[PDB]
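A.B. asks: Dropping the structure in here first, questions after.
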Amino acid sequence: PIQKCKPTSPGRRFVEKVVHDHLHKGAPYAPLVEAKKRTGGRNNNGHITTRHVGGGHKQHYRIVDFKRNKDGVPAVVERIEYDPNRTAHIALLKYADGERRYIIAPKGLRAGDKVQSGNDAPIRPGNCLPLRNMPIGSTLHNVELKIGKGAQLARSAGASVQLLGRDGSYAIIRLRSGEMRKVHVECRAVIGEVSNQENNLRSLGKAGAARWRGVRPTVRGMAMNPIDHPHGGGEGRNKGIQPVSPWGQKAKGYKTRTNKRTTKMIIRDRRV
RNA sequence: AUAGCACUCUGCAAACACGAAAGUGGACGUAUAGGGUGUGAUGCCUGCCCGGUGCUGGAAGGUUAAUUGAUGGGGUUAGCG
């Protein structure tokens, strides 16, 4: 709905939020919750390996069933829930046998709906089928790359892929990056779009909003001294060099992919 | 420094970073996501130049490193005068 705050204070002048009503307001299911700790972007040597990471609100991890192993048993959707660990909403599923699991809620799914996984499952949003049994021209999410590993592609809010063709052992899909790639037919996928497609319309409005999410401020390369950065130094403001990273890698147009193993699976590049 | 904006890279065993390796962070995340760079609420806006350096794509035309080893020349070695 794009709710906009009124300018009572300078920090609230440019605050705009997405509002959703169907979300469950209680606590998450305890049996499917475990503790997660902050890392600060440091590895097991104690050094910083990713910059601009720190602080943030305390969070719990939710165990999400990306695999969807339970096959043939129908499940009913209990509720839709907010998830701090991801931009998409999650859905609680109850199976006939009574087992409860979490899944990535597709767009439009609500409490009381029916979902299933298997080769013979009906073609409705939230149903998980092998790519072989999928109609051409379908819009899919949570695509799997390795048999049994689970969904890896098209998981963020609003994500989707287009199934263009399946001939022989391979199916061609267009990804949201604009690339066309081929996948083994026996890899599974899910029907429909993933919810919360308005997430990218949000406007944080102030620095504290990012500090809450755990992003430390970014210092430009020009603001440092020569010992710190290739961009550092000079009397006044001056660039004087082709832009590069702190470790010397050109940052404008230089390609970096080097994996030759999977080059076959790429039909048409996004034209990077 | 900041919220906002824009360029570029990354299809996941991701890019990037630490390490001598094992491995670890990125992330128990998956292009509405992650890294690098510049500008810096908002309003109106953001002209010309690809000659130079860089980057991206193509061309297969000239130059050749290891490698391989044609041919030639030389030392010594036999027998003859």
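In the structure tokens, each chain is lettered A, B, ... as it comes, each chain's residues begin at 1, and ligands are numbered from 1 in order of appearance.
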Skip stretch 68-83 of chain A itself and residues of its chain fewer than 5 positions away, then list as a list in words all residues within 6 Å of it, counting only C-alpha atoms (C1' of nucleotides).

C.D. replies: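 Skipping anything fewer than 5 positions along the chain leaves residues 23, 24, 89, 90, 91, 92, 93, 94, 95, 111, 112, 113, 114, 115, 116, 117 and 118 of chain A.
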
A.B. asks: With N, CA and C atoms retained, export the selected residues as a PDB file, in the first residue's frame.

C.D. replies:
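The resulting again05.pdb:
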ATOM      1  N   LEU A  23      -0.621 -11.236   7.832  1.00  0.00           N
ATOM      2  CA  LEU A  23       0.488 -11.856   8.544  1.00  0.00           C
ATOM      3  C   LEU A  23       0.094 -12.199   9.977  1.00  0.00           C
ATOM      4  N   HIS A  24       0.553 -13.359  10.437  1.00  0.00           N
ATOM      5  CA  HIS A  24       0.303 -13.788  11.806  1.00  0.00           C
ATOM      6  C   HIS A  24       1.076 -12.907  12.783  1.00  0.00           C
ATOM      7  N   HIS A  89       7.906 -13.976   2.661  1.00  0.00           N
ATOM      8  CA  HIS A  89       7.080 -14.501   3.736  1.00  0.00           C
ATOM      9  C   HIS A  89       7.082 -16.026   3.702  1.00  0.00           C
ATOM     10  N   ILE A  90       6.856 -16.630   4.868  1.00  0.00           N
ATOM     11  CA  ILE A  90       6.840 -18.083   4.968  1.00  0.00           C
ATOM     12  C   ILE A  90       5.423 -18.537   5.287  1.00  0.00           C
ATOM     13  N   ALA A  91       5.152 -19.806   5.008  1.00  0.00           N
ATOM     14  CA  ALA A  91       3.847 -20.409   5.238  1.00  0.00           C
ATOM     15  C   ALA A  91       4.024 -21.668   6.070  1.00  0.00           C
ATOM     16  N   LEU A  92       3.144 -21.849   7.052  1.00  0.00           N
ATOM     17  CA  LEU A  92       3.124 -23.057   7.864  1.00  0.00           C
ATOM     18  C   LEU A  92       2.172 -24.067   7.234  1.00  0.00           C
ATOM     19  N   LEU A  93       2.645 -25.297   7.068  1.00  0.00           N
ATOM     20  CA  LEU A  93       1.880 -26.374   6.462  1.00  0.00           C
ATOM     21  C   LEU A  93       1.669 -27.483   7.480  1.00  0.00           C
ATOM     22  N   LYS A  94       0.446 -28.006   7.531  1.00  0.00           N
ATOM     23  CA  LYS A  94       0.096 -29.149   8.365  1.00  0.00           C
ATOM     24  C   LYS A  94      -0.298 -30.298   7.450  1.00  0.00           C
ATOM     25  N   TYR A  95       0.349 -31.448   7.621  1.00  0.00           N
ATOM     26  CA  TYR A  95       0.062 -32.606   6.793  1.00  0.00           C
ATOM     27  C   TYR A  95      -0.985 -33.496   7.458  1.00  0.00           C
ATOM     28  N   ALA A 111      -4.459 -18.900   4.309  1.00  0.00           N
ATOM     29  CA  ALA A 111      -4.795 -19.988   5.217  1.00  0.00           C
ATOM     30  C   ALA A 111      -5.945 -20.816   4.658  1.00  0.00           C
ATOM     31  N   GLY A 112      -5.847 -22.135   4.828  1.00  0.00           N
ATOM     32  CA  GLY A 112      -6.858 -23.056   4.356  1.00  0.00           C
ATOM     33  C   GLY A 112      -6.618 -23.628   2.974  1.00  0.00           C
ATOM     34  N   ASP A 113      -5.614 -23.144   2.248  1.00  0.00           N
ATOM     35  CA  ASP A 113      -5.330 -23.679   0.927  1.00  0.00           C
ATOM     36  C   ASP A 113      -4.664 -25.049   1.034  1.00  0.00           C
ATOM     37  N   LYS A 114      -4.604 -25.741  -0.100  1.00  0.00           N
ATOM     38  CA  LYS A 114      -4.068 -27.093  -0.185  1.00  0.00           C
ATOM     39  C   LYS A 114      -2.825 -27.101  -1.066  1.00  0.00           C
ATOM     40  N   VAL A 115      -1.798 -27.829  -0.630  1.00  0.00           N
ATOM     41  CA  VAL A 115      -0.532 -27.920  -1.346  1.00  0.00           C
ATOM     42  C   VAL A 115      -0.081 -29.374  -1.382  1.00  0.00           C
ATOM     43  N   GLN A 116       0.793 -29.685  -2.340  1.00  0.00           N
ATOM     44  CA  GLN A 116       1.284 -31.047  -2.507  1.00  0.00           C
ATOM     45  C   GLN A 116       2.600 -31.048  -3.275  1.00  0.00           C
ATOM     46  N   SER A 117       3.322 -32.155  -3.142  1.00  0.00           N
ATOM     47  CA  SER A 117       4.562 -32.383  -3.866  1.00  0.00           C
ATOM     48  C   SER A 117       4.554 -33.786  -4.454  1.00  0.00           C
ATOM     49  N   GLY A 118       4.949 -33.888  -5.710  1.00  0.00           N
ATOM     50  CA  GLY A 118       5.057 -35.174  -6.370  1.00  0.00           C
ATOM     51  C   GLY A 118       4.856 -35.026  -7.863  1.00  0.00           C
TER      52      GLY A 118
END

A.B. asks: Output the contact residues of chain A with respect to chain B at a cut-off of 7 Å, based on only C-alpha atoms (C1' of nucleotides), as a VMD selection string.

C.D. replies: chain A and resid 41 to 44 47 49 to 50 152 to 158 176 to 177 197 199 to 200 204 to 207 217 243 245 251 to 256

A.B. asks: Please, could you write that set of residues out with N, CA, C and O atoms as a CSV table (one decimal), in the first residue's frame?

C.D. replies:
chain,number,residue,atom,x,y,z
A,41,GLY,N,31.0,-10.5,10.3
A,41,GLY,CA,31.8,-10.6,9.1
A,41,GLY,C,33.2,-11.1,9.3
A,41,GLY,O,34.0,-11.0,8.4
A,42,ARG,N,33.5,-11.8,10.4
A,42,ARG,CA,34.8,-12.3,10.6
A,42,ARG,C,34.8,-13.9,10.5
A,42,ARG,O,33.9,-14.5,10.9
A,43,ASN,N,35.9,-14.4,10.0
A,43,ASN,CA,36.1,-15.9,9.8
A,43,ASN,C,36.7,-16.5,11.1
A,43,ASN,O,36.8,-15.9,12.1
A,44,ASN,N,37.1,-17.8,10.9
A,44,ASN,CA,37.7,-18.5,12.1
A,44,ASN,C,39.1,-18.1,12.4
A,44,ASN,O,39.6,-18.5,13.4
A,47,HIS,N,39.9,-12.4,11.6
A,47,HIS,CA,40.0,-11.3,10.7
A,47,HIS,C,38.7,-10.9,10.0
A,47,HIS,O,37.8,-11.8,10.0
A,49,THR,N,36.5,-10.5,6.9
A,49,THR,CA,36.5,-11.0,5.6
A,49,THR,C,35.5,-10.3,4.7
A,49,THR,O,35.6,-10.3,3.5
A,50,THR,N,34.4,-9.8,5.3
A,50,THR,CA,33.4,-9.0,4.7
A,50,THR,C,33.2,-7.7,5.5
A,50,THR,O,33.0,-7.7,6.7
A,152,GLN,N,17.4,-23.7,-5.0
A,152,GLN,CA,18.6,-22.8,-4.8
A,152,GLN,C,18.4,-21.4,-5.5
A,152,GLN,O,19.0,-20.4,-5.2
A,153,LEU,N,17.6,-21.5,-6.6
A,153,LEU,CA,17.4,-20.3,-7.5
A,153,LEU,C,16.0,-19.7,-7.4
A,153,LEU,O,15.1,-20.5,-7.1
A,154,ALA,N,15.9,-18.4,-7.5
A,154,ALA,CA,14.6,-17.7,-7.5
A,154,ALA,C,13.9,-17.9,-6.2
A,154,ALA,O,12.8,-18.5,-6.1
A,155,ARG,N,14.5,-17.4,-5.1
A,155,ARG,CA,13.9,-17.5,-3.8
A,155,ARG,C,13.6,-16.1,-3.2
A,155,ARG,O,12.7,-16.1,-2.3
A,156,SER,N,14.2,-15.1,-3.6
A,156,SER,CA,14.0,-13.8,-3.0
A,156,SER,C,12.6,-13.3,-3.4
A,156,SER,O,12.0,-13.7,-4.4
A,157,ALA,N,12.1,-12.3,-2.6
A,157,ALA,CA,10.7,-11.8,-2.8
A,157,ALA,C,10.6,-11.3,-4.3
A,157,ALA,O,11.4,-10.5,-4.8
A,158,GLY,N,9.5,-11.7,-4.9
A,158,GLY,CA,9.2,-11.3,-6.3
A,158,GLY,C,9.9,-12.2,-7.3
A,158,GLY,O,9.7,-11.9,-8.5
A,176,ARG,N,15.6,-14.2,-13.8
A,176,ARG,CA,15.3,-12.8,-13.7
A,176,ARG,C,16.5,-11.9,-14.0
A,176,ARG,O,16.4,-10.7,-14.2
A,177,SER,N,17.7,-12.5,-14.1
A,177,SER,CA,18.9,-11.7,-14.5
A,177,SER,C,19.0,-11.5,-16.0
A,177,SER,O,19.8,-10.7,-16.4
A,197,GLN,N,6.2,-9.0,-3.2
A,197,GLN,CA,6.8,-8.4,-4.4
A,197,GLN,C,6.9,-6.8,-4.3
A,197,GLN,O,7.6,-6.2,-5.1
A,199,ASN,N,8.4,-5.5,-1.7
A,199,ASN,CA,9.4,-5.2,-0.7
A,199,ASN,C,10.4,-4.2,-1.2
A,199,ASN,O,10.8,-3.3,-0.4
A,200,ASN,N,10.8,-4.2,-2.5
A,200,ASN,CA,11.7,-3.2,-3.0
A,200,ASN,C,11.2,-1.8,-3.1
A,200,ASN,O,12.0,-0.9,-3.5
A,204,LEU,N,14.0,3.4,3.6
A,204,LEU,CA,14.4,3.3,5.0
A,204,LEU,C,14.2,4.6,5.7
A,204,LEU,O,13.7,4.7,6.8
A,205,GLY,N,14.7,5.7,5.1
A,205,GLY,CA,14.5,7.0,5.6
A,205,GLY,C,15.6,7.6,6.4
A,205,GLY,O,15.7,8.9,6.5
A,206,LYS,N,16.4,6.8,7.1
A,206,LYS,CA,17.5,7.3,8.0
A,206,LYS,C,18.5,6.3,8.2
A,206,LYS,O,18.3,5.1,7.9
A,207,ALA,N,19.7,6.8,8.7
A,207,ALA,CA,20.8,5.9,9.0
A,207,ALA,C,20.5,4.8,10.0
A,207,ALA,O,20.9,3.7,9.9
A,217,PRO,N,28.8,1.8,8.3
A,217,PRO,CA,28.9,2.8,7.3
A,217,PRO,C,30.1,2.5,6.3
A,217,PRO,O,31.1,1.9,6.7
A,243,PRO,N,39.1,3.8,-11.6
A,243,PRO,CA,38.6,3.3,-10.3
A,243,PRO,C,39.0,1.8,-10.1
A,243,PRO,O,38.9,1.0,-11.0
A,245,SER,N,39.3,-1.4,-6.7
A,245,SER,CA,38.9,-1.8,-5.4
A,245,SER,C,40.1,-1.6,-4.4
A,245,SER,O,41.2,-1.2,-4.8
A,251,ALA,N,36.9,-1.7,-11.1
A,251,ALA,CA,35.5,-1.8,-10.6
A,251,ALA,C,34.5,-1.4,-11.6
A,251,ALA,O,33.3,-1.5,-11.3
A,252,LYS,N,34.9,-1.0,-12.8
A,252,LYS,CA,34.0,-0.5,-13.8
A,252,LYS,C,34.2,-1.4,-15.1
A,252,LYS,O,35.0,-1.1,-15.9
A,253,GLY,N,33.3,-2.4,-15.2
A,253,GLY,CA,33.3,-3.2,-16.5
A,253,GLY,C,34.2,-4.4,-16.5
A,253,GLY,O,34.0,-5.2,-17.5
A,254,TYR,N,35.1,-4.6,-15.6
A,254,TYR,CA,36.0,-5.7,-15.6
A,254,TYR,C,35.2,-7.0,-15.2
A,254,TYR,O,34.7,-7.0,-14.1
A,255,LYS,N,35.3,-8.0,-16.0
A,255,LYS,CA,34.6,-9.3,-15.7
A,255,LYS,C,35.5,-10.1,-14.9
A,255,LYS,O,36.7,-10.1,-14.9
A,256,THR,N,34.9,-11.0,-14.0
A,256,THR,CA,35.6,-11.7,-13.0
A,256,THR,C,35.3,-13.2,-13.0
A,256,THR,O,36.0,-14.0,-12.3

A.B. asks: To one decimal in Å, tell me the separation between atom CA of residue A:189 and atom CA of residue A:143.

C.D. replies: 4.6 Å

A.B. asks: Using DSSP on the backbone coordinates, identify the residues of stretch 67-252 of chain A assigned to strand (DSSP E); present them as a PyMOL selection string.

C.D. replies: chain A and resi 75-81+90-95+100-104+114-115+128-130+139-141+143-144+151-153+161-167+170-174+180-184+188-191

A.B. asks: Keeping only N, CA and C atoms, take the residues you just selected and write them out as a short mmCIF file (atom, residue, chain, number, x, y, z; two decimals), in the first residue's frame.

C.D. replies:
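The new file out-v2.cif reads:
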data_model
loop_
_atom_site.label_atom_id
_atom_site.label_comp_id
_atom_site.auth_asym_id
_atom_site.auth_seq_id
_atom_site.Cartn_x
_atom_site.Cartn_y
_atom_site.Cartn_z
N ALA A 75 -1.23 -31.29 2.07
CA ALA A 75 -1.03 -30.46 3.24
C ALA A 75 -1.93 -29.24 3.16
N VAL A 76 -2.32 -28.74 4.33
CA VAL A 76 -3.19 -27.57 4.43
C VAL A 76 -2.40 -26.43 5.07
N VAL A 77 -2.61 -25.23 4.54
CA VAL A 77 -1.88 -24.05 4.98
C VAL A 77 -2.56 -23.51 6.24
N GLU A 78 -1.80 -23.43 7.33
CA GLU A 78 -2.33 -22.90 8.58
C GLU A 78 -2.27 -21.38 8.60
N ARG A 79 -1.08 -20.81 8.40
CA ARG A 79 -0.92 -19.37 8.51
C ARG A 79 0.28 -18.92 7.68
N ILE A 80 0.33 -17.61 7.45
CA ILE A 80 1.45 -16.95 6.79
C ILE A 80 2.16 -16.08 7.82
N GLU A 81 3.49 -16.09 7.79
CA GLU A 81 4.29 -15.46 8.83
C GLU A 81 5.43 -14.64 8.23
N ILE A 90 6.86 -16.63 4.87
CA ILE A 90 6.84 -18.08 4.97
C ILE A 90 5.42 -18.54 5.29
N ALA A 91 5.15 -19.81 5.01
CA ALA A 91 3.85 -20.41 5.24
C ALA A 91 4.02 -21.67 6.07
N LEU A 92 3.14 -21.85 7.05
CA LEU A 92 3.12 -23.06 7.86
C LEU A 92 2.17 -24.07 7.23
N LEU A 93 2.65 -25.30 7.07
CA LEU A 93 1.88 -26.37 6.46
C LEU A 93 1.67 -27.48 7.48
N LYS A 94 0.45 -28.01 7.53
CA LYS A 94 0.10 -29.15 8.37
C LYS A 94 -0.30 -30.30 7.45
N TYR A 95 0.35 -31.45 7.62
CA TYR A 95 0.06 -32.61 6.79
C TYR A 95 -0.98 -33.50 7.46
N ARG A 100 4.16 -30.77 10.87
CA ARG A 100 4.11 -29.37 10.49
C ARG A 100 5.46 -28.92 9.97
N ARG A 101 5.45 -28.16 8.87
CA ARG A 101 6.68 -27.67 8.26
C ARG A 101 6.50 -26.24 7.79
N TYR A 102 7.62 -25.60 7.45
CA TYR A 102 7.63 -24.27 6.87
C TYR A 102 8.03 -24.35 5.40
N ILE A 103 7.44 -23.46 4.59
CA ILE A 103 7.83 -23.34 3.19
C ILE A 103 7.79 -21.87 2.78
N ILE A 104 8.38 -21.58 1.62
CA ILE A 104 8.36 -20.22 1.08
C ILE A 104 6.97 -19.94 0.54
N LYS A 114 -4.60 -25.74 -0.10
CA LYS A 114 -4.07 -27.09 -0.19
C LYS A 114 -2.83 -27.10 -1.07
N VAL A 115 -1.80 -27.83 -0.63
CA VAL A 115 -0.53 -27.92 -1.35
C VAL A 115 -0.08 -29.37 -1.38
N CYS A 128 4.86 -28.74 -5.81
CA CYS A 128 6.24 -29.00 -6.21
C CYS A 128 6.32 -30.26 -7.07
N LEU A 129 6.71 -30.09 -8.33
CA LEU A 129 6.74 -31.16 -9.31
C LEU A 129 8.09 -31.17 -10.01
N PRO A 130 8.49 -32.32 -10.57
CA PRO A 130 9.66 -32.33 -11.44
C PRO A 130 9.43 -31.49 -12.69
N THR A 139 5.50 -20.09 -15.10
CA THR A 139 6.30 -19.22 -14.24
C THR A 139 6.55 -19.96 -12.93
N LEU A 140 7.82 -20.12 -12.58
CA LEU A 140 8.21 -21.01 -11.49
C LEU A 140 9.17 -20.32 -10.53
N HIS A 141 9.31 -20.90 -9.35
CA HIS A 141 10.21 -20.40 -8.32
C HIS A 141 10.77 -21.58 -7.53
N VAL A 143 13.80 -23.16 -7.91
CA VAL A 143 14.34 -24.18 -8.80
C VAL A 143 15.51 -24.89 -8.14
N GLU A 144 15.65 -26.18 -8.42
CA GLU A 144 16.69 -27.02 -7.85
C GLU A 144 17.72 -27.35 -8.93
N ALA A 151 15.81 -26.43 -3.45
CA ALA A 151 15.72 -25.20 -4.22
C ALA A 151 16.89 -24.28 -3.91
N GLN A 152 17.45 -23.66 -4.96
CA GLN A 152 18.58 -22.76 -4.79
C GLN A 152 18.40 -21.45 -5.54
N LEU A 153 17.60 -21.45 -6.61
CA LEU A 153 17.43 -20.29 -7.47
C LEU A 153 16.02 -19.74 -7.35
N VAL A 161 11.08 -17.44 -12.62
CA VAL A 161 11.77 -17.93 -13.81
C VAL A 161 10.72 -18.37 -14.81
N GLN A 162 11.08 -18.32 -16.09
CA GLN A 162 10.17 -18.68 -17.17
C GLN A 162 10.65 -19.96 -17.83
N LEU A 163 9.78 -20.97 -17.89
CA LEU A 163 10.12 -22.25 -18.53
C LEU A 163 9.79 -22.14 -20.02
N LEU A 164 10.82 -22.16 -20.87
CA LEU A 164 10.60 -21.90 -22.29
C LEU A 164 10.47 -23.19 -23.09
N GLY A 165 11.23 -24.22 -22.73
CA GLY A 165 11.16 -25.48 -23.46
C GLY A 165 11.81 -26.61 -22.69
N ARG A 166 11.36 -27.82 -23.00
CA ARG A 166 11.95 -29.04 -22.45
C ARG A 166 11.97 -30.09 -23.55
N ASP A 167 13.16 -30.44 -24.02
CA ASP A 167 13.33 -31.41 -25.10
C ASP A 167 14.46 -32.36 -24.72
N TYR A 170 16.87 -32.09 -20.95
CA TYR A 170 17.14 -30.75 -20.46
C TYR A 170 15.95 -29.84 -20.71
N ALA A 171 15.79 -28.87 -19.82
CA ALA A 171 14.77 -27.84 -19.93
C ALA A 171 15.44 -26.48 -19.89
N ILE A 172 14.97 -25.57 -20.75
CA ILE A 172 15.52 -24.22 -20.86
C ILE A 172 14.66 -23.28 -20.04
N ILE A 173 15.30 -22.44 -19.22
CA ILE A 173 14.61 -21.48 -18.37
C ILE A 173 15.32 -20.14 -18.47
N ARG A 174 14.53 -19.07 -18.49
CA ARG A 174 15.05 -17.71 -18.41
C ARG A 174 14.93 -17.24 -16.96
N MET A 180 19.66 -17.17 -19.99
CA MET A 180 18.97 -18.39 -20.38
C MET A 180 19.87 -19.57 -20.06
N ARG A 181 19.36 -20.54 -19.31
CA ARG A 181 20.17 -21.67 -18.88
C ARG A 181 19.36 -22.96 -18.93
N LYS A 182 20.10 -24.07 -18.97
CA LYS A 182 19.54 -25.41 -19.10
C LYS A 182 19.69 -26.20 -17.81
N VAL A 183 18.65 -26.96 -17.47
CA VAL A 183 18.59 -27.71 -16.22
C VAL A 183 18.15 -29.14 -16.53
N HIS A 184 18.74 -30.10 -15.82
CA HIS A 184 18.33 -31.49 -15.93
C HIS A 184 16.84 -31.62 -15.60
N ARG A 188 13.39 -30.54 -9.52
CA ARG A 188 12.05 -30.09 -9.19
C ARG A 188 11.96 -28.56 -9.18
N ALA A 189 10.72 -28.07 -9.15
CA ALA A 189 10.43 -26.65 -9.07
C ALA A 189 9.03 -26.48 -8.50
N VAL A 190 8.67 -25.23 -8.20
CA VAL A 190 7.40 -24.91 -7.57
C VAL A 190 6.64 -23.92 -8.45
N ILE A 191 5.32 -24.03 -8.44
CA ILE A 191 4.48 -23.21 -9.31
C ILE A 191 4.21 -21.86 -8.65
#

A.B. asks: Enter the distance from atom CA of residue A:227 to atom CA of residue A:249, in Å, rounded to one decimal.

C.D. replies: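 The value is 16.4 Å.
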
A.B. asks: Atom CA of residue A:14 and atom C1' of residue B:44 are how many Å apart?

C.D. replies: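 Going from atom CA of residue A:14 over to atom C1' of residue B:44, I get 19.8 Å.
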